[PDB]
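Residues per chain, in single letters:
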Amino acid sequence: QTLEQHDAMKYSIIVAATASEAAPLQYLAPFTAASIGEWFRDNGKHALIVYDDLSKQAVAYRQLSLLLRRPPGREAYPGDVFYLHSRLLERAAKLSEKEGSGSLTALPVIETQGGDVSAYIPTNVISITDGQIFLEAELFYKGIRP
Amino acid sequence: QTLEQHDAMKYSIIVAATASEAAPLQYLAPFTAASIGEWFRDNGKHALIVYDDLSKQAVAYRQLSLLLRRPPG
Amino acid sequence: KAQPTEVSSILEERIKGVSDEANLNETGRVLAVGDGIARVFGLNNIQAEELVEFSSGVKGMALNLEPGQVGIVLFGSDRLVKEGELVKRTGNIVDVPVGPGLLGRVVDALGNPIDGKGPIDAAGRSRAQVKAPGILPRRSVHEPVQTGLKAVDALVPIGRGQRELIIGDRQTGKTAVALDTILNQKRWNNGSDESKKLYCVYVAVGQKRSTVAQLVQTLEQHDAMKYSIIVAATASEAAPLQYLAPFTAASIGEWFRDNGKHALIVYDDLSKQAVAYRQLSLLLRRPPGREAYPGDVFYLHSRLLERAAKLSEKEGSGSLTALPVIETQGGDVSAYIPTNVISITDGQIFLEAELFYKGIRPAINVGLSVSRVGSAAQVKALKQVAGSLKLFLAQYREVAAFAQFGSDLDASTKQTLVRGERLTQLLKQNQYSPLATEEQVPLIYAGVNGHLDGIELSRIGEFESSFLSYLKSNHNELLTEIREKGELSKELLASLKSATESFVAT
Amino acid sequence: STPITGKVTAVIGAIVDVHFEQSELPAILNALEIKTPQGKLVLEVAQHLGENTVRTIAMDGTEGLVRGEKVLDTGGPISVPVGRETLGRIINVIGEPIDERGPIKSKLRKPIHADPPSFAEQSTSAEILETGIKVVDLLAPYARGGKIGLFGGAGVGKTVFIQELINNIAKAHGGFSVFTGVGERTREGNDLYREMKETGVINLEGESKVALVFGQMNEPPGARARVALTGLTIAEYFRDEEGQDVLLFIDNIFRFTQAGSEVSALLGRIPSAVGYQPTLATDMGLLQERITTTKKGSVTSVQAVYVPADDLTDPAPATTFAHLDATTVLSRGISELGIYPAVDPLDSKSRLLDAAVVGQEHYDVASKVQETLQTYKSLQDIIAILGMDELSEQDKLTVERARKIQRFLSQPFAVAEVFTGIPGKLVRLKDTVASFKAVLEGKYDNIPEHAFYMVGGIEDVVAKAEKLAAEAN
Amino acid sequence: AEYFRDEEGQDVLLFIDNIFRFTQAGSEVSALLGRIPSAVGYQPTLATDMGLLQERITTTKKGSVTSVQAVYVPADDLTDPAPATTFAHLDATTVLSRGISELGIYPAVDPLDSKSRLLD
Amino acid sequence: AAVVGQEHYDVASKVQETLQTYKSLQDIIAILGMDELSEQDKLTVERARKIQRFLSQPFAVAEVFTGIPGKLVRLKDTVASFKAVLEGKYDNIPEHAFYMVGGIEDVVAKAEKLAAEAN
Amino acid sequence: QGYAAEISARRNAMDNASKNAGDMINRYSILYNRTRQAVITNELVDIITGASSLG
Ligand SMILES: Nc1ncnc2c1ncn2[C@@H]1O[C@H](COP(=O)(O)OP(=O)(O)OP(=O)(O)O)[C@@H](O)[C@H]1O
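Residues numbered from 1 in each chain as written, not as in the entry; some residues may be left out. Chains lettered and ligands numbered in written order. Part of a larger assembly, values for the part shown. Heavy atoms only, no water. Residues with missing side-chain atoms left out of burial classes, pairs and counts.

- Method of determination, as given in the entry header: cryo-EM; reported resolution: 3.8 Å.

The structure is reproduced here in structure tokens:
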């Protein structure tokens, strides 16, 4: 409704796989939307993809590979969960003039806990990506918005 | 002996599953004294019970669940 | 030339002679190799901790036995032991060559020499898992181990049979204390009396190859390799070698212990041995304890360090003295590993990082480093002229944080502050220059009795070599008196006071 | 000829179970192939479950594997093409180039799980590797065949620093470079490749001086736990065959420790303390102890460190720091003063800054430099507070000398000739020690501070002194 | 609540207290049903079960549902994943805090961390 | 109080009160220093640090570490000694003279020793 | 003159406060790191412990 009232729905594709739905939908929804982004990327355009978030996505992947009896590691996440996110975020790129100069640009979101970057998922995503727009509550209550 | 000094043995019921005894006594003895208290409660009297101390009962219940091969939490 | 081929052909005769009697009441197939350990079917007459040999040269120890199969841990990379191979059993509990012929050699954990100087002239084999000597053939320690450092023999003395710990941090000068002690034993290893010689067995676990290479090169520069034994278990090689190598070196030490001679051993460093042991107990599903060292890791360093004490006259008055080295994490003395080595050894030499950051090398923190049965076995002379020195450094440590306020004070704290700074700058020492007790007595003697107080603080480092050469050129008879007697009588004390005040006057 | 063909029985993520028919089994760490429509899919046997059944970790994506496909064996470990033809060719951990410059016509194919060199061959006196950058060869000299911890995040000229090392080892010792990005970000992988073309260290037509091995992030963890070994074997063939002194660059060794964690947590081994794999010391040693100095040649390694959560009791830096001979910090507060390179002097300390190895004169000069910059740093607050009137002649000369040294540390780069245009000065060691010695004496105090910025040696110091004397009059 | 929503067409109040007992009662048997226990000690089926209980309480276009769910937090520790999942599922989160009840002021609404959505 | 006597119990309660006051004020001492207290509590901290160094006792078995012969101090002298230091009879004695001592008589004697030495 | 004496002694007191704060931060960072490592290990233990006592 907010994207209707400002009319960004002309060019927006929402992929909702909300918490009502089961765990493999939440495991697959970023990759599904990644292929949707790659269709624009192979066609000389510019697609801003925004995952929101990737914490819940890792929680669903944790629920899969703990119920699937794969052995867990740190904070009971599975082993190859880095290989999850590193297979996702690296699907964004900037193609050459030989291919057609298509481009996908990725903005994932990590809901951290209590002001932390020492947790396992934020450590992995910071080791992947290109920096932070690190947002804080303490700067929010001064009224500095965003 | 202290309750015999100040003379409270007239209305005292000690249920002491001490650490000399096995682990399901330490798991069970609060519920046995709970039944002892409910006899006074279902007859219109008034009973004060004191369990002491529940971390030992949690220790015994941990011992019973581990030795019977249940996945601990 | 062909002379090693002659020797190897004689060994071929032994191999061909062994092939004429080879009937291996043992062999079994390798069911599964996984987690760096092998499961073997067959071998229905094997022993607990019996050495076996796979068909690729990698030996192994059979550490657990089950109805159905036997679990054998490896002694190398598992790249060689293949599924379905052939497992002869050797016949032995895990043994190593011991005897005097290892002096000069560099072996790894199973007596295979890797220096390139031929086979080990081996005077016998001995078990790795020897029961420690019980409480009856023990004597409390009464002989000095002169380390040659100034501050060690000043403050924290080491007895023959006193297990002392060198604890410290990373790159903070831990190995240099043990290396200087081994180089100090050159005073008696050149000599003739056996009961004053002191053989050094340095047991490098978990370290780099090139570090052990440089350390062998160092012990051949200063000629320690006529009495050194290097047991190397370098971190390229796999984990049960590191679990084993200090134990086999303790068997090497016990060979010198039972045979009357005296011998020093240096474990360096057991905080990597407990790394190798938590690797071997987290690949066999044994559940971890506090900080994931497995629950028996106290027992490991126990059964290691308890094979070292002073035998009494009933067994031959031999000895074995151990210096384990523990790498802590950032000045910590309360992780789970360094609170198990401390609860075995008879004291600590806590090489704190902050003092080495100020360059005071070696960086013994005096107020923490203490020894429990050191005091009954110091050289008599130092015990006569340093009975104030521990209490005086405690006194100086009391006013350490009180003088940081910058406040003007009385005369007594200024006197003790100047003498304490002169003693702190006094106990420095360069690498590879251990000072014998015959020269440790006069320097400490000049430190105690206020003679240094007129000197500026920077001259003290050259005051050391100047006052030593002053005593070497002129009062040589006093150094011979301290050498022979080992004790300062009243006349010796007065002559020493004259010889101080002479050179102190200029 | 006589193939060892079995069936894939189980695909679990990056773990693959392969059944073999009887009396055929290869041992641990042997390369297995699976032919796909997309190419080949390599496996490395890591555990034998018995039952003629092995369990491997993946080396590429394991989507779409029908269980029951034929499993071809190659007997040995993961083969890599080595030698001269590998230069300038981006090889992944498999052994195939990915730059699309055709197949690599290399002469041999080497295993990667080789033995480390035996104890009789370890070189028994670690000399000093003359790198070429001044502040390296003065303060924290790199051990010849030793290990070097290069800290600091990107954007402080770290790639400029490492290309400068490439050019200076190409000039002075003539050695080649093998770069290896374990876990390297793919985008900055391509940016590093383009920049290494344009700086001249990769010539697509002539003779390039580097071999790239980029184990990308989107490979399964069994790849990243061997990419460093691939770069290591390409180093070892240049060491023990052609006899050189080769620089092995590894970025970033903490991602290699992550690869170890996830491989030995996918295999079902119990995890250790903090959560790194319990084979931590051994699977760091099998990477460290193959980087050493034999009597033939040597491989010196520059490997970065991502310190986790800015903490140095975490076992992955606390295990790497039991191996590193010399650290080198590229800090922020040094490039912020516009200094190229940004080798911070007070922090980058070596275990081979010792007079018994570098000589007495070098150690004396370096010790006075460290105490000079130490006193400068301890004065830098009251310089702003009180001004240069509280300085005595004991002190104001030290402030002047330390400003002279701090400007003098910067060096014109062999790669910043398209950046700044000043041609690079490869400074020898015997010029460097004498130059810093003469500045520590006081023989050039009359020289102004501005003539010490981006200078090669003391001779170009004199030349720039005369040129700025001429431009001022 | 659903029957008064759909088949009645009416404003429906729902004063659930407490919701943490639901996930905790998931934990008290999910150890024993043969699930590998997840992080801190809760079940693996957490986000899906908290999802299926926090999605059938919503305002459809057949009726209005106003939910008030009191939610326990263990040991005043909001980084626990069992109340932290609920943060994504609510619109007006009044966050109490024992550190304000220590000052005796009641009710101890922490006036910073209690954000909401209707503060446009 | 009904087991060891009322005086003993009151002395023990006062000593634990003073040492608890010290352990509570530990942090402000660590940050700023002793100078930023009140004037009752600064006397409390000083008497607490007297009583800590007075709690030391040269053991008959640890004689070789400290060089002091053993001290077997009976109960009643200890009770009277702590009662005396609590009542403030000795507040001007330097702190180091309390250290590694037997009873209060040896505190007076050792303070006299250090008085004759420092002068 | 007492004003300048006050401000000099107060400056010295705040200098000692800044130095002691730096030192005790260098203690509590070590306690923080040991607490974090002990907490991650002492929850990974009780994740793993469930994964071996299965049916
Ligand atoms: N007396 C000394 N003179 C000169 N250098 C010294 C002295 N003592 C220590 N060092 C320096 O300490 C450094 C490390 O020595 P040492 O190996 O003992 O430290 P360490 O913590 O044991 O290192 P590791 O634990 O890796 O063996 C050496 O580079 C050496 O130069």
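Here the narrative resumes, following the displayed structure.
**Notes on unusual backbone geometry**
Working step 1: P362(C) follows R361(C) through a cis peptide bond whose omega is 0 degrees.
Working step 2: Tracing the backbone shows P362(C) in the loop between helix 10 (353-357) and strand 17 (370-371).
Working step 3: Note the cis peptide between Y106(E) and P107(E), where omega equals -5 degrees.
Working step 4: Mapped onto the elements of the fold, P107(E) is located in the segment after helix 5 (98-101).
Working step 5: Look at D7(A): it is not a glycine, yet its phi comes out positive at around 55 degrees.
Working step 6: Positionally, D7(A) belongs in the loop between helix 1 (2-5) and helix 2 (23-41).
Working step 7: The phi dihedral of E100(D) falls on the positive side, at around 55 degrees, and the residue is not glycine.
Working step 8: Topologically, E100(D) is positioned in the loop between strand 7 (80-81) and strand 8 (109-110).
Working step 9: Here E100(D) falls in the exposed class, since its relative accessible area comes to 74%. (Helix = DSSP H or I, 4+ residues; strand = E, 2+ residues; numbered from the N terminus. Buried < 20%, exposed > 50% of the residue type's maximum accessible area, 1.4 Å probe, protein only.)

**Some points on the sheet that holds strand 6 (residues 70-73) of chain D**
Pairing between the strands of a sheet is mediated by backbone hydrogen bonds and can be parallel or antiparallel.
All names here are of chain D.
Working step 1: Spatial ordering of the closed barrel is given by 1-2-5-4-3-6, a layout of six strands whose pairing is antiparallel. When the angles between neighbouring strand axes are averaged without regard to direction, this sheet yields 45 degrees.
Working step 2: Relative to strand 2 (residues 15-19), strand 1 (residues 6-12) is paired through five bridges, and the arrangement is antiparallel. Bridge pairing in strand 2 places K7 opposite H19. (Pairing = 2+ DSSP bridges. Axes fitted to C-alpha atoms, helices over the stretch in contact; angles between N-to-C directions.)

**Section: the packing of helix 7 (residues 270-281) of chain C against helix 8 (residues 297-305) of chain C**
Axis angle and axis distance: for two packed helices, these are the angle between their axes and the distance between the axes, and together they describe the pair.
Residues and elements named next belong to chain C.
Working step 1: Two elements in contact, helix 7 and helix 8, have axes whose closest approach is 11 Å; the angle formed by their N-to-C orientations is 130 degrees. Comparing their axes, helix 8 and helix 7 come out oblique. Of the two elements, helix 7 crosses helix 8, and the hand of that crossing is right-handed. Of the residues in helix 8, those in contact with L270, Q273, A274 and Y277 of helix 7 are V297, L300, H301 and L304.
Working step 2: Split by residue class, the contact of helix 7 with helix 8 holds six nonpolar, two polar and no charged. (Parallel < 35°, antiparallel > 145°, perpendicular 65-115°, else oblique. Left-handed = near helix turned anticlockwise from the far one by under 90°. Contact = heavy atoms within 4.5 Å. Nonpolar A, V, L, I, M, F, W, Y, C, P; charged D, E, K, R; others polar.)

**A word on the pairing of strand 5 (residues 53-58) of chain D**
All names here are of chain D.
Working step 1: Strand 5 sits mainly inside the fold: six of its six residues count as buried.
Working step 2: Inspection of the sheet shows strand 2 paired to strand 5 by five bridges, in the antiparallel sense. Across the sheet, residue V16 finds its bridge partner in strand 5, namely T56.
Working step 3: Relative to strand 5, strand 4 (residues 40-48) runs antiparallel, the two being bridged by five bridges. Bridge pairing in strand 5 links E44 to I57.

**Comments concerning the sheet that holds strand 2 (residues 93-94) of chain A**
All names here are of chain A.
Working step 1: An order of 1-3-2 is seen for the three strands of this open sheet, with the pairing classed as mixed. The strands lining the two open edges of the sheet, one partner per strand, are strand 1 (46-50) and strand 2.
Working step 2: When strand 1 meets strand 3 (residues 103-107), the two strands line up parallel, connected through five bridges. Paired with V50 across the strands is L107, a residue of strand 3.
Working step 3: Packed onto the sheet, helix 2 meets strand 1, strand 2 and strand 3 and runs at close to 165 degrees relative to strand 1.

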